[PDB]
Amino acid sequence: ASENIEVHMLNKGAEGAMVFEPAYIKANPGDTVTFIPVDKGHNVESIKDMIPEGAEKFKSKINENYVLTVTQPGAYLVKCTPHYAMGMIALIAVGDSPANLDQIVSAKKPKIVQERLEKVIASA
């Protein structure tokens, strides 16, 4: 059956300011990821060219609880729209050996984002 993973959106966490906790989410097709705005001022949005081919773009409203159903295998880099430049991202890995992970790692993104992404992947 289907699993749900809860993610908190915070002003401050273990990795510093403006964080998703956890920032690495492992899931399977059909699972849900529930994004909880523990602190105000956050949302979640897919990043262009950093979700699998065939997955639908998504953008939640600031300060709303948002439930994402993941269907397409692969890796997804998501941001908090206001805080992307401050490093507020999460990586969702759906299925084994996501085919687009190396592409996401090599994609153009802000330096602080890339540093956090590298730490996330190492914590895998």
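One-based numbering along the sequence shown.
Between 58-66 and 75-83, it is 58-66 that carries the larger average Cα temperature factor according to the deposited entry. Relative to its counterpart among 20-28 and 111-119, 111-119 has the higher mean temperature factor, C-alpha atoms as listed in the PDB entry. The PDB entry assigns its highest CA temperature factor, among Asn43, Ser97, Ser46, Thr34, to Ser97. Annotation for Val105: C-alpha temperature factor in the middle third relative to the rest of the modelled chain, per the entry.
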